[PDB]
Structures are given as structure tokens and as C-alpha cells.
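Below: the structure, in C-alpha cells.
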Amino acid sequence: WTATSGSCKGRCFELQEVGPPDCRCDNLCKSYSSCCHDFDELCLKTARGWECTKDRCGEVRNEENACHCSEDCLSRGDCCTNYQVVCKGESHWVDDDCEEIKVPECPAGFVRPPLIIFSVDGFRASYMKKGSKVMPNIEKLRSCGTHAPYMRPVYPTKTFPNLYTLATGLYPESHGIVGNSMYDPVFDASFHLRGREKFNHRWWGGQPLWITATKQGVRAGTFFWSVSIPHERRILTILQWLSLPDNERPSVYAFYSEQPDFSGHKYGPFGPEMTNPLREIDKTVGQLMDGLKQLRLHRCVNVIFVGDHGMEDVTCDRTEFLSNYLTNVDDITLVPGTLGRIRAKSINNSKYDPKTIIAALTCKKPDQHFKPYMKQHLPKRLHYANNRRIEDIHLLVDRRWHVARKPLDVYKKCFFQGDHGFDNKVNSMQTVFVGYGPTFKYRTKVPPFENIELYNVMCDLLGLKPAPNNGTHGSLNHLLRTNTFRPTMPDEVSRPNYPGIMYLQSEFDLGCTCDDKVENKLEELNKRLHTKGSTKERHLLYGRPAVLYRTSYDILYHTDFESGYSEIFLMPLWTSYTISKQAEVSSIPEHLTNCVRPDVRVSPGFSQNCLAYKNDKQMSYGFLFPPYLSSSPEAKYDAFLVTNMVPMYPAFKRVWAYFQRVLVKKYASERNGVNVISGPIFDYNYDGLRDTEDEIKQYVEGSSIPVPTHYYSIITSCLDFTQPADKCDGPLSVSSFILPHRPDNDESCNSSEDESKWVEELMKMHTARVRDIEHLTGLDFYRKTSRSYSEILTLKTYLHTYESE
Ligand SMILES: *[C@@H]1O[C@H](CO)[C@@H](O[C@@H]2O[C@H](CO)[C@@H](O[C@@H]3O[C@H](CO[C@H]4O[C@H](CO)[C@@H](O)[C@H](O[C@H]5O[C@H](CO)[C@@H](O)[C@H](O)[C@@H]5O[C@H]5O[C@H](CO)[C@@H](O)[C@H](O)[C@@H]5O)[C@@H]4O)[C@@H](O)[C@H](O[C@H]4O[C@H](CO)[C@@H](O)[C@H](O)[C@@H]4O[C@H]4O[C@H](CO)[C@@H](O)[C@H](O)[C@@H]4O)[C@@H]3O)[C@H](O)[C@H]2NC(C)=O)[C@H](O)[C@H]1NC(C)=O
Ligand SMILES: Cc1nnn(Cc2cc(C(F)(F)F)ccc2CCC(=O)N2CCC(Sc3ncc(S(N)(=O)=O)cc3F)CC2)n1
Ligand SMILES: [Ca+2]
Ligand SMILES: [Ca+2]
Ligand code: NA
Ligand code: NA
Ligand SMILES: [Zn+2]
């Protein structure tokens, strides 16, 4: 109930929302059908359009007009955005030579540069080049300000998840808006685009920028706009608010455009009908910039031009239908489209088995344009699992395609030629970033970065302390002229032990054999110094990682590698080694095929044993430092130590072996040596964070040897590849992965073929950021370099995506 008898006389676009049954005059009132009777009349004036003309210049103030060309308009702060161009011979901002903004040039009374976030729906990254001739204002912003070639959205690449990730710095799994459509089993409620339930605050986790602002005494314009309010009115309102008294005027503002997304859905991302939408957005940017210039705010305000996601070509003919795989199709509900989420139609149906459903969707047609996944087997980079609103069954849909339940859904609901929501590494989903203003840099290209990092930068820009979030603060300091956050390395929590030789062979009863009873003084001096760390400068190039939780571990040195061996988990947390360009691959000899040797530095009671692996019919074992790459026949013995050993399913061994035997050498050739740090990961509760001992759900049969859920490797080299990895004077180059440790290769449809036809493809799917690996391990890499910490942070957030240019 709204008693709409009240008025918006002098309350138009009020910043503070008033509580029912008083009527509302804010920029959201329409959407809740709650505006006062006169709102349209007073607040949505359209008389005479949006631009001054020669004859209007110096006119008599007619309050009915949408914007004003009178002489008093500047002081009221309600002129048309072109008033000074037409009525005072000033130039449009786009026609002006751009000039470095070394410091904020603001009016007196401004306590900080304001921030204007100009967000655009479906603004695919490639529009910056491909639409440049029709977008001169945006193109000025881009070239004079700071820009990245693209910005990576979060998965799913939909609107609501991404706009709210921009607002909070949080992954959808953490903020809760996990799709445009959702069901919450705890609430027994649903969330839709249409309707009212999306206005309840229990859906919306984390702390968005405007609340972070308000709580620290920085005033915020309201970010949301009702869809009926034209774009021109939104700009004029922002400019009106900027004219307000110093004690009332907000410091942070948001504009939103529904274009180009709206048109892109109908006409495809590059349809000829798309040129006009891009023209109008650019015209809107020009209106804003011309307004800021009239108010002498154009060299004061920092403007962010940012998109939420891109757009792909998708038509009805390219729709896979679950009815061509599943017989039981009525007993399930599907969230459809560019991603698939399946749950049961009724929880009273006990016969619903998600296992048999996954199997029925697995490699069934030879060109199948989706892959099913238990949500916890989704690549860790998507961070799309740890929320009760994300269904256990998920379908990652191929770019260009759609998934529906039945054919009736497609022809009872061809209309669209574009869509989005796919995997966030897909080029067509990439979007834009431009920063322009005194606090941003001048004519600077920055590398691609993920949208989860902006929240921190927008806080920096406003002198705010960010709420806890998934950004890595300082990873984008290179966007800013000043105002930078100056971060410290986390303090190491657990210091390592450095065990020497403390145990005799005969104390070990592992059930392990090795064919190694093989016998000088100078060569025995030589092997001790390898076991005290003479080649550690070689294999540990960036310092040892720091352990940031309480645990008990040992550094173990060897000729070819160095490990941090966990006594609690009975394996390394990490193993570091360097393969130069010149290094050579040898085979595992016949005498050492099933050789596992006791490590005399580590007690029997903190070691694995071979008997457990024998008794476990499902589980075999592998090695973190690969025997294949031992530097000498003598050094190869070190690779068979029990402390280099880890549990591996035979299906995963195929992957691991190919990676170790072929790809590691390949990368060293292509990159001029590589440093490799490999290790296990335990995420049984799929929260993206290192598991404690008591969260481990599976052990090797009849033992305390915990089974990893994943295996990682960080592959580092010199960005200048003319210098070898071990002698790099400059910036580093990194690529990493988190492979799921799975007992079958059902994920790879071509896995019965040779490993050269599917393994590298699987690793690409599971590419990762070092920062991903850090959350999952509690480790901190790159502790000792000649590089700045900010540069290291940027490097830690890098993702190698394996997409073309
Ligand atoms: C991305 O960044 C985010 C943000 O930094 C990271 O998420 C944080 O991770 C922390 C560790 O997991 C987590 O800390 C916990 O806080 C609990 C209190 O949580 C409330 O308060 C915060 C702060 O205001 C608030 O933000 C939370 O909001 C969540 O929940 C509501 C829904 O109820 C949503 O509105 C919102 O979307 C958000 O949901 C998301 O997070 C929750 C977890 O909080 C998930 O469950 C959801 O699926 C969703 O992803 C909350 O309102 C606190 O209760 C926890 O304490 C337990 O664990 C500690 C460990 O120190 C233990 O010592 C205690 O005993 C305690 O256990 C007790 O409860 C247990 C279960 O009921 C039980 O087992 C025990 O026996 C005890 O009874 C914990 O300290 C923090 O909340 C989240 N924050 C957010 C916003 O998600 C995220 O990790 C980052 N991701 C990556 C990959 O880096
Ligand atoms: C979603 C979303 N998350 N954050 N934003 C704001 C936001 C963040 C950023 C940013 F700066 F972050 F880039 C830039 C712009 C915006 C404005 C988006 C906008 O005006 N839209 C039209 C209205 C619809 S839906 C609607 N739904 C819930 C509420 S409520 N309960 O939270 O009040 C109110 C609503 F009207 C959403 C899209 N939209
Ligand atoms: Ca969108
Ligand atoms: Ca975990
Ligand atoms: Na076995
Ligand atoms: Na297979
Ligand atoms: Zn859309």
C-alpha cells in the first residue's frame, strides 16, 4: 500500500528513500509502482527536448522545460548540456585537445574528486576498435585516460552477477546473485528478472560500494535507475546533484545503460543495426562530459567507463535439447540458455539420482555442444560452487550455443541472434574498462584484468577502506597516478624445520622395495652439499613460499629439486624445480620402475608406505618432481624418495605423466627454461580455500595418507624470453593450472586416444591464477624477487586464457 496523495514538489530524485505508505520520488519509485501522483509532471519533464538552440539562448525561465537555456541556469545547475556551446561559443569537450590532468582542478568546497561510474550493458571489448569511427567521446576517454584492451567478467557472464560483482569485489558464489534466475532452498523462494522478490535484501550479500561509502561518511547518489527514465534525464540528474551544497552533494555516482545489450540480443553482436546504439551511448557520454565542463568539473571528476560482459552470436537452430539425451526429462527443472543448471522438479522423488543424469549427458553425441559437471568439478577459476543457490548439476555450454529442456521451450516462450552467460575466458564475453580523471594515469595502456579488482580501486579513488573481498588489493595500483594502496606481504606463520639424516633404513617398514644397492670421497662431499642446498639458488628462484597457517613442515633439499614436506599430510605442500632450455628427458629405467626409497631425514611415522597403495585397488601413486627430468643417473635416485610421492588415480596418472614427460620439456624450449612449483590441493568443501585436516573426506585405504582433490603447477620464466629463466633481470612470465584429481577421464571425450590429442586441452580448461592456488594452499609465492610488490601482485592475478587475439 502506497497513499500516493503526497507530492514530489521539490523532492525530485531525492537521495534518501522514504518508507511506505508515504509516496516516493526517488529514481527507483517507478519500478515499485510507488511514485507520487505528480512525479511524471515535475520529475520527468520532456518539454522542448534535450538541447539548447540559438533562439532559446537567454530565454525566460520556463519551469516546464526539460532543461534550460536561460542565463540563471548555470547557478540553478539545470542547463541543457550543450548550453554553453550554443549560447556562449564554447567548444564540445570531444573537440578539445586533451591535456594531462596532473592534479584535481575542482571548485572550492569539494573535499575529494567525485567518481562517476558509467556502466554499459553488453559492451563487448572489441567495440572499442571496431566502433571507433562512430564513438568519438568514448575514444577520447580511452586514449587520453587509462585503458585495458579488455576486462574479464565473472562467470556466469550475465548482467546481475556482474554488476553486483563490480559493486562488491565478490565472486557470485560469495555475494549470492549467482544468476539472473535463482532458487534458494533455505528460503524456499525464487529470484527472477521480472517481479518483486529481487527487491528483498536477503538475496544481496557482501557490501556494495554505495554502502561502503555511506558507512564511512561519503555520500552516494543512488546507483539504480528505473527502466522508463530516459538516459538524458539520468545525466541531467547527476549534474543536478553535482551542483548541490557541499554538505549534501554526493561523492560517488552511477549511470547505467541497457544498451548495447538490448539491441545485441535481437541483432547479434555485430549486426548492422548495432551502429545506432553505439552512436547514442557515445552521445550520452558527450552530454555528460559537456555538462561537467559547464560546471568546471571536467578536470576534477574521475570517470569510469565499464561494461558488465560482452555478446556472442547465438540463434535458435543452435540449441541442444535435454530431451535427446534424457528419457526422464519431466522429473527435472532446468535453468536454461547459455549455461545449464539442473535440479529435481520434486524433492519428494527419491529415485532422482544426479549420477545417472550426468552419465546420460556425458559424451553422447560426437559434436556435443555442452559438457555436464558436478559443480565441484567445474574449473576452479570460475569460482562457481560454494553457494546453496547453485545447483549440484551444471552444464558448461559451448560458445554460440544454447541448452533447453524440450523443443517446445524454444518455440513457446526465431527471435534472438545474440546472447551471453558463457565461460568468462571466452573472447566474445570480454568487456571494457576506461578510467579517466586526475587520479587515473595519462595515455596509459594496462594489461587485461578481472572485474573483481575494481571494487578496491573505486574505494581507493574515494579514500575508503574496502570491505573484505576477492580482489587482490594493489594488483591494480598501476592504473593510478596517486592514491595507491601500499600493501605488505603477509607474515609467514609457520617456520620450516631443516632435518638432516636422523633415521636408519631398517627403521622403515614401508613395504617398499628399490633396486638401489649401488656404491668416492669427493662425490660424497658433492652429495651432502646438495642435501644442504647448493643448487637451491637454481631450483628456488623466487624464495621459498611462505606458509600462512599453523603447521609442521620440513624443507628437503636435493640436486634437482627442493620440497616443503608436510608432516601432517605426509607429502609436500610444494616442490620447486628449474628445467633449462638445454635439459634432457630420460626414461625411468627397468630396475627402478616400482622403486620407492625411505627418506632418512623423515621419520617412518611421518612417511607414506607402499602397502597402503597395494591394498588400495582404486589408488596408485605418482611423483611431484618427475624422475624423467633428473640431471644425472645418480640424482634420479632422489626422485624415488617416499617424500616425493603422492596419491594418484591411474586415470589421473595418464594426465600427470604426459604433463611431466612431454609438456614440461616443451615449455622449457618455447620459453627458455621454466621454473616449476607443483603440489597437491585439498578442497573437499569446494570453498576455494585450503582445507584443514578434519575436512578431508578420503584417505588412501587403511592409512592417514590424504587424497588431493586437485594438483597444481606454477610455471614461471622471463617475460624477455631471450634471457633464461635462471638468469632473468626483468619482469616474469607465468602460467598455472589446478587439475582436478579424478578417478576417470569422463571429462575428456577423446581420452581413449593418445594423450597428445586431449591432455593439453584439459590443462587449458583448468588454467589458473597463482592467487587461485594461494587461496587453496595457504602459501604465498614470489617472496624474494628484484621486482616491486605491486608488479608481483599483478602477476599473481594473471590468467593465461589460451584464446586468440
Ligand atoms: C571471497 O571473499 C569473501 C569475503 O571475504 C570470502 O568469504 C568469506 O570467507 C570467510 C571464511 O569462509 C567467512 O567467514 C565466516 O563468517 C561467518 C559469519 O558470516 C556472516 O557474516 C559476514 C560478515 O558480515 C557476512 O558477509 C556473511 O554473509 C554470507 O552469508 C549470507 C547468507 O547466510 C549471505 O547474505 C552472503 O551472500 C554470504 O554468503 C556467502 O558466504 C557464506 C559463509 O559466510 C557461505 O556459506 C555462502 O554459501 C556464501 O558463499 C554472514 O552473514 C562465521 O559464522 C564463520 O564462522 C565459523 O567458522 C569459523 C572459522 O574461523 C569457526 O572457527 C567457527 O566455529 C564458526 O563455525 C560455527 O558455524 C559453523 C557452521 O554454521 C559450524 O560448523 C561450527 O560448529 C560453528 O557453529 C566464518 O568466520 C565469511 O563470512 C565469508 N564472507 C562472505 C561475504 O562470503 C571468500 O572466502 C572469498 N573467496 C575466495 C575464493 O577467496
Ligand atoms: C544487479 C546490480 N548490482 N548492483 N547494481 C547497481 C549498479 C552497479 C554498478 C556498478 F558500479 F557496480 F558497476 C553500476 C550501475 C548499477 C545500476 C544498475 C541499474 O540501474 N539497473 C536497472 C535496475 C535493475 S534491478 C533491481 N534489483 C534490485 C534492487 S535493490 N534490492 O538492490 O534495491 C533494485 C533494482 F532496481 C538492475 C540494473 N545492479
Ligand atoms: Ca548485462
Ligand atoms: Ca576448502
Ligand atoms: Na593401487
Ligand atoms: Na572419456
Ligand atoms: Zn543481456
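Residue numbering restarts at 1 for every chain of the C-alpha cells, chains are lettered A, B, ... in their displayed order, and ligands are numbered from 1 as they appear.
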task: Could you give me the residues within 7 Å of ligand 1, counting only C-alpha atoms and all ligand atoms, as a ChimeraX atom specification?
output: /A:170-171,173-176,202-206,383,386-388,468-470,687-689,775
Write to file, as a compact mmCIF listing (two decimals), in the first residue's frame, the residues of the selection just made, with N, CA and C atoms.
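Saved as result-v8.txt:
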```txt
# COMPACT_ATOMS: atom_id res chain seq x y z
N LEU A 170 33.21 -9.19 -5.08
CA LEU A 170 32.97 -10.58 -4.70
C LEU A 170 32.59 -11.47 -5.87
N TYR A 171 33.00 -12.72 -5.82
CA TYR A 171 32.51 -13.72 -6.75
C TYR A 171 31.00 -13.96 -6.47
N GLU A 173 29.36 -16.65 -6.20
CA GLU A 173 29.21 -17.64 -5.12
C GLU A 173 29.24 -17.01 -3.72
N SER A 174 29.92 -15.87 -3.57
CA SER A 174 30.01 -15.22 -2.28
C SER A 174 28.97 -14.11 -2.09
N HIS A 175 28.68 -13.30 -3.11
CA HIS A 175 27.65 -12.26 -2.98
C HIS A 175 26.19 -12.78 -3.12
N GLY A 176 26.01 -13.92 -3.80
CA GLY A 176 24.73 -14.61 -3.81
C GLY A 176 23.90 -14.49 -5.05
N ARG A 202 17.74 -9.87 1.46
CA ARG A 202 18.34 -11.16 1.86
C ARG A 202 19.07 -11.91 0.72
N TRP A 203 18.70 -11.63 -0.53
CA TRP A 203 19.43 -12.14 -1.70
C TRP A 203 20.85 -11.55 -1.86
N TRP A 204 21.05 -10.32 -1.38
CA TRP A 204 22.17 -9.48 -1.74
C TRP A 204 23.19 -9.46 -0.62
N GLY A 205 24.16 -10.36 -0.70
CA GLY A 205 25.25 -10.42 0.27
C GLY A 205 26.34 -9.39 0.02
N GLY A 206 27.41 -9.48 0.81
CA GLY A 206 28.56 -8.58 0.71
C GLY A 206 28.21 -7.14 1.00
N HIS A 383 35.25 -20.21 -9.90
CA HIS A 383 34.79 -19.99 -8.53
C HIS A 383 33.27 -20.08 -8.46
N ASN A 386 30.43 -22.81 -4.28
CA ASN A 386 30.13 -22.63 -2.86
C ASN A 386 28.96 -21.69 -2.60
N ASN A 387 27.78 -22.06 -3.08
CA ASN A 387 26.55 -21.39 -2.73
C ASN A 387 25.42 -22.34 -2.92
N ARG A 388 24.50 -22.37 -1.95
CA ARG A 388 23.37 -23.30 -1.95
C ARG A 388 22.38 -23.00 -3.08
N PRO A 468 35.93 -6.74 3.15
CA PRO A 468 36.72 -7.89 2.68
C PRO A 468 36.17 -8.46 1.37
N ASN A 469 37.05 -8.73 0.42
CA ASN A 469 36.58 -9.10 -0.93
C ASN A 469 37.62 -9.89 -1.69
N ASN A 470 37.25 -10.38 -2.88
CA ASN A 470 38.09 -11.31 -3.66
C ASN A 470 39.11 -10.64 -4.58
N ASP A 687 35.12 -24.55 -1.28
CA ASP A 687 35.03 -23.12 -0.98
C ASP A 687 36.17 -22.30 -1.56
N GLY A 688 37.06 -22.96 -2.29
CA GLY A 688 38.21 -22.32 -2.88
C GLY A 688 39.32 -22.02 -1.91
N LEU A 689 39.28 -22.64 -0.73
CA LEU A 689 40.23 -22.36 0.34
C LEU A 689 40.80 -23.63 0.90
N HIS A 775 44.88 -19.22 -2.37
CA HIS A 775 43.71 -19.40 -1.52
C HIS A 775 43.60 -20.88 -1.17
```
Exercise: residue 572 (chain A) partners within 12 Å, only C-alpha atoms, chain neighbours under 2 positions left out, as JSON, numbers by chain: {"A": [552, 553, 554, 555, 556, 561, 562, 563, 564, 565, 566, 567, 568, 569, 570, 574, 575, 576, 606, 607, 608, 623, 624, 625, 641, 642, 643, 644, 645, 646, 647, 677, 678, 679, 680, 681, 705, 706, 708, 711, 777]}
For ligand 7, return the neighbouring residues as an mmCIF file with C-alpha atoms, in the first residue's frame (distance at most 8 Å; only C-alpha atoms and all ligand atoms).
```
data_model
loop_
_atom_site.group_PDB
_atom_site.id
_atom_site.type_symbol
_atom_site.label_atom_id
_atom_site.label_comp_id
_atom_site.auth_asym_id
_atom_site.auth_seq_id
_atom_site.Cartn_x
_atom_site.Cartn_y
_atom_site.Cartn_z
ATOM 1 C CA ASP A 121 25.297 -3.381 -20.614
ATOM 2 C CA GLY A 122 26.702 -5.920 -23.115
ATOM 3 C CA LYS A 158 25.206 -12.364 -17.062
ATOM 4 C CA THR A 159 24.072 -8.890 -16.014
ATOM 5 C CA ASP A 261 22.901 -5.427 -24.668
ATOM 6 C CA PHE A 262 19.225 -4.860 -25.617
ATOM 7 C CA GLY A 264 22.668 -7.087 -29.414
ATOM 8 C CA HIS A 265 20.155 -9.761 -28.322
ATOM 9 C CA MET A 311 27.897 -10.547 -26.538
ATOM 10 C CA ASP A 419 23.342 -13.857 -26.019
ATOM 11 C CA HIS A 420 25.871 -14.151 -23.210
#
```
task: Apply DSSP to the backbone of this structure and, from region 336-581 of chain A, keep only the residues in strand (DSSP E or B); write these as a PyMOL selection string.
output: chain A and resi 337+339-344+370-374+393-397+402-404+418-419+431-436+440+444-445+449-450+480+494+497+513+546-547+553-557+562-566+571-579
Counting only C-alpha atoms and all ligand atoms, give me one row per residue of chain A with an atom at most 8 Å from an atom of ligand 4, showing the shortest contact pair and its distance in Å to one decimal, sorted by chain then residue number, as a tab-separated table.
```
residue	atom	partner	partner_atom_place_in_ligand_line	distance
A:682	CA	ligand 4	1 (Ca)	6.5
A:683	CA	ligand 4	1 (Ca)	3.9
A:684	CA	ligand 4	1 (Ca)	5.8
A:685	CA	ligand 4	1 (Ca)	4.8
A:686	CA	ligand 4	1 (Ca)	5.4
A:687	CA	ligand 4	1 (Ca)	4.8
A:688	CA	ligand 4	1 (Ca)	5.5
A:689	CA	ligand 4	1 (Ca)	4.2
A:690	CA	ligand 4	1 (Ca)	4.8
A:691	CA	ligand 4	1 (Ca)	4.1
A:692	CA	ligand 4	1 (Ca)	7.6
A:695	CA	ligand 4	1 (Ca)	7.5
A:776	CA	ligand 4	1 (Ca)	6.9
```
field: Computed interatomic separation between CA of residue 559 (chain A) and CA of residue 619 (chain A) (Å)
entry: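 Result for CA of residue 559 (chain A) versus CA of residue 619 (chain A): 29.1 Å, one decimal.
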Using only C-alpha atoms, determine which residues lie at most 9 Å from residue 604 (chain A), disregarding the query and same-chain residues fewer than 4 positions distant; provide the list as a PDB file with N, CA, C and O atoms, in the first residue's frame.
```
ATOM      1  N   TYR A 503      67.617 -41.152  10.653  1.00  0.00           N
ATOM      2  CA  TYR A 503      66.958 -42.462  10.659  1.00  0.00           C
ATOM      3  C   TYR A 503      67.741 -43.437   9.807  1.00  0.00           C
ATOM      4  O   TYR A 503      68.319 -43.057   8.783  1.00  0.00           O
ATOM      5  N   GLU A 507      64.733 -48.984  10.166  1.00  0.00           N
ATOM      6  CA  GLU A 507      63.571 -48.496  10.961  1.00  0.00           C
ATOM      7  C   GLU A 507      62.293 -48.349  10.136  1.00  0.00           C
ATOM      8  O   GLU A 507      61.201 -48.303  10.679  1.00  0.00           O
ATOM      9  N   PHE A 508      62.440 -48.247   8.823  1.00  0.00           N
ATOM     10  CA  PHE A 508      61.311 -48.138   7.910  1.00  0.00           C
ATOM     11  C   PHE A 508      60.779 -49.518   7.537  1.00  0.00           C
ATOM     12  O   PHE A 508      61.527 -50.379   7.089  1.00  0.00           O
ATOM     13  N   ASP A 509      59.490 -49.722   7.751  1.00  0.00           N
ATOM     14  CA  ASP A 509      58.796 -50.909   7.286  1.00  0.00           C
ATOM     15  C   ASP A 509      57.644 -50.387   6.424  1.00  0.00           C
ATOM     16  O   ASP A 509      56.495 -50.331   6.850  1.00  0.00           O
ATOM     17  N   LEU A 510      57.993 -49.973   5.214  1.00  0.00           N
ATOM     18  CA  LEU A 510      57.050 -49.343   4.322  1.00  0.00           C
ATOM     19  C   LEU A 510      56.385 -50.357   3.400  1.00  0.00           C
ATOM     20  O   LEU A 510      55.291 -50.105   2.889  1.00  0.00           O
ATOM     21  N   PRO A 598      63.075 -45.142   1.335  1.00  0.00           N
ATOM     22  CA  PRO A 598      62.950 -44.343   2.557  1.00  0.00           C
ATOM     23  C   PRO A 598      63.756 -43.061   2.558  1.00  0.00           C
ATOM     24  O   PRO A 598      64.899 -43.067   2.115  1.00  0.00           O
ATOM     25  N   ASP A 599      63.159 -41.974   3.051  1.00  0.00           N
ATOM     26  CA  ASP A 599      63.879 -40.731   3.213  1.00  0.00           C
ATOM     27  C   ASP A 599      64.403 -40.681   4.637  1.00  0.00           C
ATOM     28  O   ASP A 599      63.650 -40.542   5.593  1.00  0.00           O
ATOM     29  N   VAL A 600      65.719 -40.769   4.765  1.00  0.00           N
ATOM     30  CA  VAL A 600      66.372 -40.847   6.068  1.00  0.00           C
ATOM     31  C   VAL A 600      66.334 -39.560   6.899  1.00  0.00           C
ATOM     32  O   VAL A 600      66.698 -39.561   8.082  1.00  0.00           O
ATOM     33  N   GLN A 608      54.730 -41.893   4.081  1.00  0.00           N
ATOM     34  CA  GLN A 608      53.773 -42.795   3.475  1.00  0.00           C
ATOM     35  C   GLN A 608      54.353 -44.198   3.521  1.00  0.00           C
ATOM     36  O   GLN A 608      55.453 -44.390   4.019  1.00  0.00           O
ATOM     37  N   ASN A 609      53.591 -45.175   3.053  1.00  0.00           N
ATOM     38  CA  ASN A 609      54.089 -46.538   2.830  1.00  0.00           C
ATOM     39  C   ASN A 609      53.500 -47.125   1.541  1.00  0.00           C
ATOM     40  O   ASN A 609      52.446 -46.677   1.083  1.00  0.00           O
TER      41      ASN A 609
END
```
- prompt: ligand 2: which residues are within 7 Å, counting only C-alpha atoms and all ligand atoms, as a PyMOL selection string?
  reply: chain A and resi 28+31+117+119+159-161+163-167+198-201+204+223-227+254-256
- request: Can you pull out every residue within 8 Å of residue 231 (chain A), counting only C-alpha atoms, but drop anything in the same chain fewer than 4 positions away, and send it as a list in words?
  value: residues 235, 257 and 284 of chain A
- request: Please run DSSP on the backbone and report, as a ChimeraX atom specification, all residues within region 76-212 of chain A that come out as helix (DSSP H, G or I).
  value: /A:76,83-88,93-95,127-130,132-134,136-144,159-168,172-175,197-199,201-203,209-212
- prompt: Skipping near chain neighbours, those fewer than 2 positions away, what residues fall within 10 Å of residue 54 (chain A) using only C-alpha atoms, listed as a list in words?
  reply: residues 52, 56, 57, 58, 69, 83, 86 and 87 of chain A
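Note that CA of residue 427 (chain A) and CA of residue 181 (chain A) are 23.9 Å apart.
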Region 441-450 of chain A environment, 6 Å, only C-alpha atoms, sequence neighbours closer than 4 positions dropped, as a count of residues only: 11
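Counting only C-alpha atoms, residue 50 (chain A) has the following residues at most 8 Å away, ignoring those fewer than 2 positions along the same chain: residues 46, 48, 52, 66, 67, 80, 81 and 232 of chain A.
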Taking only residues of chain A that have an atom at most 10 Å from an atom of ligand 5, what is each one's shortest atom pair and its distance in Å to one decimal, using only C-alpha atoms and all ligand atoms, in chain and number order, as a tab-separated table?
```
residue	atom	partner	partner_atom_place_in_ligand_line	distance
A:610	CA	ligand 5	1 (Na)	9.1
A:611	CA	ligand 5	1 (Na)	9.0
A:612	CA	ligand 5	1 (Na)	7.8
A:613	CA	ligand 5	1 (Na)	4.5
A:614	CA	ligand 5	1 (Na)	4.7
A:615	CA	ligand 5	1 (Na)	6.3
A:616	CA	ligand 5	1 (Na)	4.6
A:617	CA	ligand 5	1 (Na)	4.2
A:618	CA	ligand 5	1 (Na)	5.5
A:619	CA	ligand 5	1 (Na)	4.4
A:620	CA	ligand 5	1 (Na)	4.2
A:621	CA	ligand 5	1 (Na)	7.6
A:647	CA	ligand 5	1 (Na)	9.3
A:648	CA	ligand 5	1 (Na)	8.9
A:649	CA	ligand 5	1 (Na)	8.2
A:650	CA	ligand 5	1 (Na)	8.4
A:700	CA	ligand 5	1 (Na)	9.1
A:701	CA	ligand 5	1 (Na)	9.3
```
Once you have the residues from the selection above, write them out as a CSV table (one decimal), in the first residue's frame, restricted to C-alpha atoms.
```csv
chain,number,residue,atom,x,y,z
A,610,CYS,CA,53.7,-48.7,-0.3
A,611,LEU,CA,51.5,-51.3,1.3
A,612,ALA,CA,48.6,-48.9,1.5
A,613,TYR,CA,48.9,-48.3,-2.3
A,614,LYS,CA,48.9,-52.1,-2.8
A,615,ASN,CA,45.9,-52.6,-0.6
A,616,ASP,CA,44.1,-49.7,-2.4
A,617,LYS,CA,42.9,-51.2,-5.6
A,618,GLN,CA,41.5,-47.7,-6.7
A,619,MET,CA,44.6,-45.6,-5.8
A,620,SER,CA,48.1,-45.7,-7.3
A,621,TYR,CA,50.9,-43.1,-6.8
A,647,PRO,CA,48.3,-40.4,-4.3
A,648,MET,CA,47.2,-40.7,-7.9
A,649,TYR,CA,44.3,-42.5,-9.6
A,650,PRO,CA,45.6,-44.4,-12.6
A,700,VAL,CA,44.3,-44.0,0.9
A,701,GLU,CA,42.8,-47.2,2.1
```
- request: Report the distance between CA of residue 73 (chain A) and CA of residue 12 (chain A) in Å, rounded to one decimal place.
  value: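 Taking CA of residue 73 (chain A) as the start and CA of residue 12 (chain A) as the end point, the length is 17.2 Å.
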- request: Kindly indicate which residue among A:514, A:213, A:136, A:581 lies nearest to residue 253 (chain A), using only C-alpha atoms for the distances.
  value: A:213
- request: Determine the nearest neighbour of ligand 3 from the options A:37, A:266, A:76, A:309, counting only C-alpha atoms and all ligand atoms.
  value: A:309
Surrounding residues as a PyMOL selection string, ligand 6, max 12 Å, only C-alpha atoms and all ligand atoms: chain A and resi 359+362-364+366+371+651-652+742-755+757-759+762
- prompt: Looking at A:713, A:84, A:582, A:794, which one is nearest to residue 763 (chain A), with distances taken over only C-alpha atoms?
  reply: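 Once distances to residue 763 (chain A) are computed over only C-alpha atoms, the minimum belongs to A:713.
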